[PDB]
Amino acid sequence: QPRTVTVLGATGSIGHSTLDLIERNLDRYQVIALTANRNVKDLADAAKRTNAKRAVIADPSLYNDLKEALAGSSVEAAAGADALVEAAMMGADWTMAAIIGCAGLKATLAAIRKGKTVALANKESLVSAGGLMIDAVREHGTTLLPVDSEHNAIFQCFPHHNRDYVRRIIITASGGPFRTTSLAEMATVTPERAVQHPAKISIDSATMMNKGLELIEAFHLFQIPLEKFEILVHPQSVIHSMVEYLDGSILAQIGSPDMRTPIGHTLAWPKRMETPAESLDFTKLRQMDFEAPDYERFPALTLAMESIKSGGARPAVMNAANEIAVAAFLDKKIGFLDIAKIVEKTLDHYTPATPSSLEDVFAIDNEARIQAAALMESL
Amino acid sequence: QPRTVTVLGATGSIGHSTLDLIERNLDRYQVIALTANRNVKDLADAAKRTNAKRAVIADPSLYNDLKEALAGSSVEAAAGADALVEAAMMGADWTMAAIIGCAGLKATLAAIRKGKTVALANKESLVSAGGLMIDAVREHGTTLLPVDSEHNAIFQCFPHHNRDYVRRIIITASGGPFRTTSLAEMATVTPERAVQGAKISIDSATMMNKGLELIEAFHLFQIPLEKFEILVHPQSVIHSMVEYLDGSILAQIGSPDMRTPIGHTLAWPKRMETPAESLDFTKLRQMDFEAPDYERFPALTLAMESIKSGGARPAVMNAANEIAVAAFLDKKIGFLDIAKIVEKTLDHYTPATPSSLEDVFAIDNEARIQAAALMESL
């Protein structure tokens, strides 16, 4: 009766919101494995609270701490990169892939190959290994469920088994901190101001690279022609995305910013479940605004568009190059508007062959990073 | 392959939009029967255009004209109230119930009793005979699909087979022409200032149209009254919403083109192309929301109570309203009187819940005489 559950990256924000829903219904779920990287405390605590079968700490050096933290406990202990992959293969009917970056690609792909249900929080997967990821889903009949806000909104409004019914998919975007800033002023932006907030996430938001990546991710998740995707600027961020059908009918997913709504969706799918998420009060909201994205002020959107259009290792290169360029800006080595410049340069000087395995992906990423760092230190 | 189709009230706005989609895909549809009241021209035309099996003119007086208009045609001709009910029994897999008011209750119920698919445009149905209509739906396993904007929007965001997944249903409302007018100024409004003739226009101004929609929604979705909410949204681009237990709210948005919801009901469970326009959010710019003023539009309160009370309540209110409105238009009463009359009648007439359409026709007729009486007291 209990549905077995595993969470890769159980100690981050997603991992937390996830366990929050699992522990509220501990009677419906049987936790198999929980993972963390260096936060042995939360990991062992979470493991013990849910009476998980295994707890894995990524960092091999923290192996003895986990083992000691779980002393007298029935939870098994493990550490290292391989242990993550092994935990992803333990057989959980529902797996939350919350380990981000190249570090979670192996585990995520392993979980997918198991053919059960995989809630994807690791969006980066699709940008660098989208093609492979989708092949494995097709091959193993895996149920892939997007956890991220935009893709989850789209999924809830999407006609699965009938892509042909979609006229367009609108990915709403807040616009970022510089939604009303001129290119001229953006040139003088400092890492301090750019990150000001409610690290890299902040900067991808400011350059709108996060929307370029989300578009790429959506492209692989929904298998729809690129010309059917649109980015719509909507400051309030209350509408999380929309899908227009052939009869002109447009379905939209709206709600508060509580991550437990989408996570709750992916956790209960195909059924729905209660989550303490707040009920959007349209009266206090009063207003909703919409405008077109400025492709001239945010060229990253263009770089993203072309990469997918071109295909192959393009998006991988772009994303890798962005990592370098953003870190440079933060390290005050470059100017804000240079980030998109470096990414564009790299995309033009490095165009490897499409990946066939994760090993190729890891390679391209590493190469792109080296190429980018080079160009980055030219001007 | 071609799906048999029948349209009751094929000559109105709804029927027109419906035939528009049918004729654009005439290859997948085989029209069985088309119906009209007195517009023999459009009816014969539509009948001939779609190579319909039969054409039915409601007014028995116009029988010869129709028979004339379809001369040399393979379309059979028929007229009279009974002919309508008979046409609704011909067996069409998909039926558009576009006949308005008590005049279409018989045909609509007969179509529903055939157990296939019935696109409901006759909102009336549910207000006056909601209980009966839904019983027949359950008894014959009929697929009932709401055609009006608000209910169709809700249906597309609704978790059928799981009503307990819904936390609330929000019925958006433009707010009507007097959304920003004071009770004081509404008191002196003239019937001319409230048609942009049109009755619907008045129900819009008094917000009775939204009370009625809430009643119809209650019957269509079978969810506790306390779960329905009315939200004023001037732009009217969001047609209605449904909040789920996980906080997630699904909303149906789009252009005002009726072919969208009609296209939805025509293709369900599949989707189909319709010339409907793609809402351009860039040109829309903004969307506004505010709570409905229950004090400035008591009609909303009369509606709530009626459903709350139940039985013949809504039926009486709706009937009472019909008279009160016609009175205002005939300049016999003031604008703010309309809600007064309906209020009075509901209190002086409380028959027993209907058991058949015969009871319904009765209550309506009674409420109408009761209302007309009270109407001419002040």
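Residues displayed in chain A correspond, in order, to Swiss-Prot positions 3-200, 206-386.
How was it done? The header gives X-ray crystallography, 2.7 Å.
Note: Cβ is positioned from N, Cα and C throughout, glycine not excepted.
Summary of the site annotation: Swiss-Prot records 1-deoxy-D-xylulose 5-phosphate binding at A:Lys125, A:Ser151, A:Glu152, A:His199, A:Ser212, A:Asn217, A:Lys218, A:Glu221. Screening the candidates A:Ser176, A:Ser184 against this entry identifies A:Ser176 as the one listed for that site. The binding-site residues considered are A:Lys125, A:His199; of these, A:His199 has the fewest other C-beta atoms within 10 angstroms of its C-beta.
When the binding-site residues A:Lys125, A:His199, A:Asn217 are screened for a Cα within 10 A of the Cα of A:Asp150 (Mn(2+) binding site), the ones that qualify are A:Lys125.
Once the 5 residues left out of the deposited model between A:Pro200 and A:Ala206 are set aside, the two flanking Cα atoms are found 12 Å apart.
Residues A:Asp150, A:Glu152, A:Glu221 make up the record's Mn(2+) site, and a Cβ search at 8 Å around their centroid adds A:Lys125, A:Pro148, A:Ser151, A:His153, A:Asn154, A:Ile156, A:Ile173, A:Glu224, A:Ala225, A:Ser248 from the same chain. Each of the binding-site residues A:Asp150, A:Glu221 was ranked by the number of other C-beta atoms within 10 Å, and first place falls to A:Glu221. Around the Cβ of A:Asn217 (1-deoxy-D-xylulose 5-phosphate binding site), the number of neighbouring Cβ atoms within 10 Å comes to 23.
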